[PDB]
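Student: piece number one of the complex, untouched:
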Amino acid sequence: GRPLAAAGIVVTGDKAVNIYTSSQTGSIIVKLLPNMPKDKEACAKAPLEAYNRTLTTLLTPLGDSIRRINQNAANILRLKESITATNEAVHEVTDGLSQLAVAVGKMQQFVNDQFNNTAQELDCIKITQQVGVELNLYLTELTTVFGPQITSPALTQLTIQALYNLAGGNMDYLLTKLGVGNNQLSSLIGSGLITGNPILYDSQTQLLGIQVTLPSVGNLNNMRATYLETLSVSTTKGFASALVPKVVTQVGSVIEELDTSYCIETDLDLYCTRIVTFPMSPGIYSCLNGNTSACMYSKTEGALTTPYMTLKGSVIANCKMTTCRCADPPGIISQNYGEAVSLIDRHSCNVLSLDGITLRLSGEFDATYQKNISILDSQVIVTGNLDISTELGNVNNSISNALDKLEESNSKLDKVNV
Amino acid sequence: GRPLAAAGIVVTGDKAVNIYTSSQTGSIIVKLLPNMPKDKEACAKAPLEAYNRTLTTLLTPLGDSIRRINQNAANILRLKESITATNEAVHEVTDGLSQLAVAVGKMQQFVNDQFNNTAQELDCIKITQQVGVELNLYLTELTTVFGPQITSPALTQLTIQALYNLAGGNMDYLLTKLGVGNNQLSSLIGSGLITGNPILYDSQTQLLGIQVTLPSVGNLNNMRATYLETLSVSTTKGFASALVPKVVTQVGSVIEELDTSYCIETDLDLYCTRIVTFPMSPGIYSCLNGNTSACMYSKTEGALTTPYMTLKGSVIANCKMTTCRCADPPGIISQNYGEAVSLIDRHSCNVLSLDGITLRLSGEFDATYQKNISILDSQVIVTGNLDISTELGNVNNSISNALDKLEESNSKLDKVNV
């Protein structure tokens, strides 16, 4: 209840009681080498060759710690020597063309077998690239999901992902088989009852095997363990402390001291191997129900003992035995006689100064973790800036003048008599 | 032994005793920047520039927390003007060829200095690629081997790989120097005695220094600590519990209670700073040897105390004070009078329901962790599909007709008289 805080007794903890047993075994088999494409191309043989190599460099130590555990007549002749020499000049132009047509034809299948020789080059780079990145993502994924197991041979608390994969996704089913509620997983994992340890590792196949161990818990209703602490308050004796156990468990109208030696405690759940309770004095039970007039006090204390304590980011102090100075909101703190002890939290004070120390009962820290990616523009020297049109045009035009200069020639024959 | 389980006393733990001391220091110096090729090419300057940058973004915080701690006469003339104009048409075809031969020659050293300009491009990409992947593998390798040390300044349990590297591979030698057996490494690492902490980090060289601390253990034979717990069994008094210590150590015929406050316990090994034993009542020693008739009982118990407990995934319960209902294999469970307490495990029951809770004494979970890699086929627009043969052929053929049309011309002169 609450009136028990009128005798220096304050409830610090309140959690449910559970009984567990490590009677659930599993076996997660991890395939270090991902499933390569059906194409089976040896173009990704480069990124993988290095990936598989960094696996042996990373797993061997782990596997090691397991394996060991007339006058005109001269003109008619001159004309002959003129056209017999003209044909001599045409036969050469023909050789220059019949050999240049080869220099162009030879250059055809060249640039063709060089662009087609690049079509298979760039094709490989894109594949190698994708694989190189996709393969790195996996190695940085395993060292996160199964890090704890890779980094140590002995039992290590599993990873959510590792467990998520174990249940095959269907989590609500896994929990039910163990007897765990939805609002109890956070504490279940944070208890070290979900451990795992490597068992068999193959260097060749790169296939890691892990042995999982899960607990079977049985919740106990109507039974809740309560943690109790006490401060110093003046009484009939004078400056004494209330006498109450540290941990108690209640069922209906039965209250007894709980031995937390057989149990693993959390923030809101206690998983116990066994339950051992002890009978408490009748004067104690009477008090814990509300009868504050039943609690016994004693001077079991020294001079260096503190008149306060910490509870859930708060400070519970006796402000009549110590001046509670509230800094941020100026003024001295106190409480009605109904409560022998004052509770100071964030709702009434941000900075407090007690006898000796100065605790800060408030604070806020908001930060952002991001990354600014900047890519460099590597100017590629490769450019398509070949301008041979100035020469090409002078040909498409020079040919025109060669055709008409011939037309005049061929038309000068239309005027020949005989 | 086993007959002690006839008085409600059950052996839960059984481990060897060890004496240890943190008198072994080491120093692992990690080279964050790998050994670059002797070629010293500045083609891998891109992947490294970013890698070295993410190291300072990842290590600075760590280093920070350390730095601060006639009528025919007209024909003879007409023929002249016919061939003087024909040569006029040949001189132009020559200019068109002598300028096209340049347009082709200029295009030669172009595509040549563009394919050769690509031969050094693709060459760089392949290098950059390999480095980019190889360098990522290392960063995802260090955050796994030396993660614990990078993530925290204070002492942190080393990684198998970190230790494996420390011993230089030869592990059997390292253990011998510390006095550790082969079948004792699993517990040795899982004790937190193999810790390490960063000491000196250089931002420039990217060279991390870690201080290792190893224990020197001395095994004690003939001495084994045994953990003992007790349940409630009806006796001369009626509904009482046997009185026996929690931890005891035996040597030959000497049995005494062991103080486990100076020791770190494991699954099968206890590493102790010291050994403190206490003498136990003669009535106790007599019992632990086999004389069950010597053990004393007492009603040190409450009403909320459990009539059972958990042991190695099993449930040891008194099935005469509580109805043990076996679910999976229907039927009530009990045991011969020879054993006051019943042991229920997987070999006799898969699901049990006791007074209050229902524990599951069996379960199997097999899962597989893999990754399906699928690469995309980026169709490269670059193709070698230049078909200039239709035009090329029309030349290799048109030249033939130009050669024979000239042969007729040159043969029409063989029939000239003078």
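Tutor: Sure, I can see it. Residues are numbered from 1 along each chain as shown, chains lettered A, B, ... in the order given.
Student: So which residues of the stretch 1-150 of chain A form strands?
Tutor: A:9-19, A:24-31 (DSSP state E, counting those that start in this stretch).
Student: would you turn these into CSV with distance to chain B?
Tutor: From N, CA and C alone the C-beta is placed, and that goes for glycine too. Supplementary listing: the strands of the stretch 1-150 of chain A in CSV, determined by distance: least, C-beta to the nearest C-beta, whole Å:
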stretch, distance to chain B
strand A:9-19, 5
strand A:24-31, 3
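Student: Of the ones you listed, which is nearest residue B:296?
Tutor: Residue B:296 lies closest, by C-beta to C-beta, to one member of those: strand A:9-19, at 28.5 Å.
Student: in its sheet, what does the closest one sit against?
Tutor: strand A:218-230 (antiparallel), strand A:269-272 (parallel) (DSSP bridges).
Student: helices and strands around the next helix or strand after the shortest one, which ones?
Tutor: Beyond strand A:269-272 on the C-terminal side, the first helix or strand identified by DSSP states H and E is strand A:277-278. Under the contact definition 3 or more C-beta pairs under 8 Å, 6 or more residues apart in numbering or on different chains; DSSP states H and E, strand A:277-278 sits against strand A:254-258.
Student: For the strand it packs on, buried residues please.
Tutor: A:255-258 (16 or more other C-beta atoms under 10 Å in any protein chain shown).
Student: The stretch 251-400 of chain A against chain B: which residues are in contact?
Tutor: For the stretch 251-400 of chain A, the contact set with chain B under C-beta under 8 Å from any C-beta of the partner chain comprises A:251, A:254, A:256-257, A:262, A:273-279, A:376, A:380-383, A:386, A:388, A:391-392, A:394-395, A:398-399.
Student: which among those residues end up buried?
Tutor: A:251, A:256-257, A:262, A:273-277, A:279, A:391, A:394-395, A:398.
Student: Just give me the closest of these to residue A:300.
Tutor: When those are compared against residue A:300 (criterion: C-beta to C-beta), the nearest one is residue A:257, at 17.4 Å.
Student: before we move on, the earlier item: will you turn the strands of the stretch 1-150 of chain A into CSV that also has distance to residue B:201 and mean neighbour count?
Tutor: Converted to CSV, those look like this (distance: least, C-beta to C-beta, whole Å; neighbours: other C-beta atoms under 10 Å in any protein chain shown):
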stretch, distance to residue B:201, mean neighbour count
strand A:9-19, 41, 19
strand A:24-31, 33, 19
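Student: As JSON lines, those with distance to residue B:39 would be great.
Tutor: Listed next are the strands of the stretch 1-150 of chain A as JSON lines, based on distance: least, C-beta to C-beta, whole Å:
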{"stretch": "strand A:9-19", "distance to residue B:39": "63"}
{"stretch": "strand A:24-31", "distance to residue B:39": "36"}
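Student: out of those, which comes closest to residue B:202?
Tutor: When the strands of the stretch 1-150 of chain A are compared by C-beta to C-beta, strand A:24-31 sits nearest residue B:202, at 36.1 Å.
Student: Tell me the strands beside the closest one, with direction?
Tutor: Going by DSSP bridges, the partners of strand A:24-31 are strand A:207-214 (antiparallel), strand B:364-369 (parallel).
Student: Of those, flag the one that's most buried.
Tutor: strand A:207-214 (a mean of 20; mean count of other C-beta atoms under 10 Å in any protein chain shown).
Student: Disregarding residues adjacent in the polypeptide, which is nearest to the residue of the stretch 201-350 of chain A found nearest chain B?
Tutor: Closest to chain B within the stretch 201-350 of chain A is residue A:218: 3.0 Å, counting by C-beta to the nearest C-beta. Among residues not flanking residue A:218 along the chain, residue B:357 sits closest, at 3.0 Å (C-beta to C-beta, 6 or more residues apart in numbering or on different chains).
Student: please slot chain C in as well:
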Amino acid sequence: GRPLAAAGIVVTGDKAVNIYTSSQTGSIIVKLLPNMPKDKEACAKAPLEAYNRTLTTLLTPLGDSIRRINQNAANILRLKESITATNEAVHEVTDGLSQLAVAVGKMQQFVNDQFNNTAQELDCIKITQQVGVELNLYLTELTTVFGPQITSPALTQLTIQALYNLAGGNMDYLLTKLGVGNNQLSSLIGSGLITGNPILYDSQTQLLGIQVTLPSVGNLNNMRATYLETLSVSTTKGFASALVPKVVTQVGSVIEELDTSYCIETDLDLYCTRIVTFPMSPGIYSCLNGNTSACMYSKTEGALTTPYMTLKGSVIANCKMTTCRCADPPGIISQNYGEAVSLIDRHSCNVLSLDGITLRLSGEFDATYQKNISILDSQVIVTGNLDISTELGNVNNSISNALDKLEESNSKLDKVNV
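Tutor: With chain C now in place:
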């Protein structure tokens, strides 16, 4: 002091006293997807597509555990049929040129639109490459900085980097707000008071949210807790042990026993929720000040109790009740009567053998962790080795002979009469 070691009492621990409270909350919001370049190019859509995919495959499990919690006349005619056929041979050479000039022009815009088609290909690969590597560095960076939080839903000890980012770099300011000194951070983080747990995760935006919890500590000067242990030394009784508490706290001239149940201990700092001290016998206080003649002894011990213990990599043993054999430096060890107990460390012995075990008080292990990167030289088939100069030259030269063979023709006409 030191004279207390003349009664078998040795100081093992010496740390400062602190009062803490979890009254400091923070919220680190992590942007899983980095800030892409302003260019917004879809050329990095490949590496990111896979990166974002491995995030959902890595975070969903985490988010899941939160969402649910004449005769010559014949000659004048023969000459006509000679040049009319010669022009017939020139008109064809013209067609072969006017069609080859097209085969070259068509090949111009081809290799041009294939090199320019590659200029945008290589450009993309370089971008994709840089992004692929830069993006991998981030995923291997987060699984290290926020690994503990990604791997578990419940509270987990933060990472230096995570905290460094929280304080926005300015660390000296953060500590001051909590009341932590510079030479106290190592112990502060290694206490589990700097915890954090995921609270909200968005699958779409890939934005992780973590709730941070920091303590507010108030140092206590003039007060230092001291850990005390005792060995067996012969006295008036004979073979007994000194009687002194395990932990004590002193303030000025006030010495009392300290209850370390409310406190978290470290290597040099104790962070306590509260301080509970107990009064000790006057005979005890007198001794701890120096009056060794005031300490009481008792035979509270068994036969299996050890005559030694471990302290900071050393062994404190009674070398008059046990023969201390120093191995490395041969000889038996002992100490002046002034000190009832001998302290054996590295400064006086490297290997020791006591009654039962043989501890090694010295050792050094230096190792180096590095990586040798070797890149492969993938010979690119793409080469610029087109040598069409042998054919090109035969044209540039054949044209010369065609020009002069025509010059003779055109000069044979200069000798024509009419």
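Student: Check what packs on strand A:277-278 one more time with chain C there.
Tutor: Using 3+ C-beta pairs under 8 Å, 6+ apart: strand A:277-278 touches strand A:254-258.
Student: Next, the buried residues of stretch A:218-229.
Tutor: Quick answer for stretch A:218-229 (16+ other C-beta under 10 Å): A:218-220, A:223-229.
Student: among the residues you listed, which are in reach of chain C?
Tutor: Counting by C-beta under 8 Å from any C-beta, residue A:229 from these sit close to chain C.
Student: Tabulate the buried residues of stretch A:218-229 (CSV), appending distance to residue C:22.
Tutor: Shown next, in CSV, are the buried residues of stretch A:218-229 (distance: C-beta to C-beta, whole Å):
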residue, distance to residue C:22
A:218, 31
A:219, 27
A:220, 28
A:223, 27
A:224, 23
A:225, 21
A:226, 20
A:227, 16
A:228, 20
A:229, 16
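Student: quick one: which of the buried residues of stretch A:218-229 is nearest chain C?
Tutor: Among the buried residues of stretch A:218-229, residue A:229 lies closest to chain C (C-beta to the nearest C-beta), at 7.4 Å.
Student: Spatially central residue for chain A, please.
Tutor: residue A:144 (6.7 Å; C-alpha atoms, centre = their mean).
Student: so who does that residue touch?
Tutor: A:159, A:161, C:58, C:143, C:147, C:150-151 (C-beta atoms under 8 Å, 6 or more residues apart in numbering or on different chains).
Student: closest to residue B:131 among the residues you listed?
Tutor: Ranked by distance to residue B:131 (C-beta to C-beta), these are led by residue C:143 at 22.0 Å.
Student: Once you drop chain neighbours, what's closest to the closest one?
Tutor: Residue C:143's closest residue in space is residue A:144 (C-beta to C-beta, 6+ apart), at 4.2 Å.
Student: got it, and residue A:236?
Tutor: According to C-beta to C-beta, 6+ apart, the nearest residue to residue A:236 is residue A:297 (7.4 Å).
Student: Contact partners for that neighbour?
Tutor: For residue A:297, the contact set (C-beta under 8 Å, 6+ apart) comprises A:233, A:235-237, A:240-243.
Student: Buried subset of the residues you listed as a ChimeraX selection?
Tutor: In ChimeraX, this line selects whichever of the contacts of residue A:297 come out buried by 16+ other C-beta under 10 Å:
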select /A:233,235,240,241,242,243
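Student: need the contact list for the spatially closest residue to residue A:31 that is not a sequence neighbour.
Tutor: Nearest non-adjacent residue to residue A:31, counting by C-beta to C-beta, 6+ apart: residue B:370, 4.1 Å away. Contact analysis of residue B:370 by C-beta under 8 Å, 6+ apart lists A:30-31, A:34-35.
Student: for residue A:215, same thing?
Tutor: Taking C-beta under 8 Å, 6+ apart, we find residue A:215 in contact with A:20-24, A:178, A:188, A:193-194, A:271.
Student: how about 10 Å then?
Tutor: A:18-24, A:178-180, A:188, A:191-195, A:264, A:271, B:310, B:313, B:359-360 (C-beta atoms under 10 Å, 6 or more residues apart in numbering or on different chains).
Student: for residue A:345, same thing?
Tutor: A:311-316, A:352, A:361-362, C:23.
Student: Pick the one among those closest to residue C:338.
Tutor: residue A:315 (47.8 Å).
Student: count of neighbours near that closest one?
Tutor: Residues contacting residue A:315 under the criterion other C-beta atoms under 10 Å in any protein chain shown number 25.
Student: so which strand or helix has it?
Tutor: With DSSP H and E as the criterion, residue A:315 is inside strand A:314-317.
Student: elements contacting that strand?
Tutor: strand A:308-311, strand A:342-344, strand A:352-353 (3 or more C-beta pairs under 10 Å, 6 or more residues apart in numbering or on different chains; DSSP states H and E).
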